[PDB]
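Undergrad: sequence and experimental coordinates follow.
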Amino acid sequence: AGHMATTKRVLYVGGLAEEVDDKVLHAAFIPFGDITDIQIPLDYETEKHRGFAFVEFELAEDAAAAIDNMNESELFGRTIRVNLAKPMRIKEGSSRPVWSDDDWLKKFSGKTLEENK
């Protein structure tokens, strides 16, 4: 990409509350640049998200700014994390995060094994 070994157009968010829906994330990440999409997972044990989500921008340099301006910041009354995860529809990386981004991004982009192989 024009700034890194992978596209900055997509990024990760975590440490959120259970009510931090995709609409609140838009209002929480739009001032750094225009957004294109937002995504939130759901767990089978409660049908709620696990306090983390993804965001997508229409500008790669503005996505890098939103990572630096919201890392270790506050949202919903608690601390949150923000960093460049592996982009969707893709299966490689070389400067990827330290959390379980391998099995998580492969789960949403590769679909889960509960009805597929």
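TA: It's in. Numbers count the residues shown, from 1 in each chain.

Undergrad: in this protein, which spans are strands?
TA: Secondary structure of the chain (DSSP state E): strands at 10-14, 35-39, 52-57, 74-75, 78-79, 81-83.

Undergrad: residue 1 is nearest to which of those strands?
TA: Residue 1 sits nearest to strand 10-14 of all the strands of the chain, at 10.9 Å, using Cβ to Cβ. All C-beta spots, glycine's among them, are computed from the backbone N, C-alpha and C.

Undergrad: quick one, that closest one and strand 35-39 angle?
TA: Strand 10-14 runs at 50 degrees relative to strand 35-39, counting by axes from the mean of the first three to the mean of the last three Cα atoms, to 10 degrees.

Undergrad: and strand 10-14, what does it pack onto?
TA: Here strand 10-14 touches strand 52-57, helix 60-70, strand 81-83, going by 3 or more Cβ pairs under 8 Å, 6 or more residues apart in numbering; DSSP states H and E.

Undergrad: helices and strands around the shortest one, which ones?
TA: If contacts are counted by 3+ Cβ pairs under 8 Å, 6+ apart, strand 81-83 sits against strand 10-14, helix 60-70.
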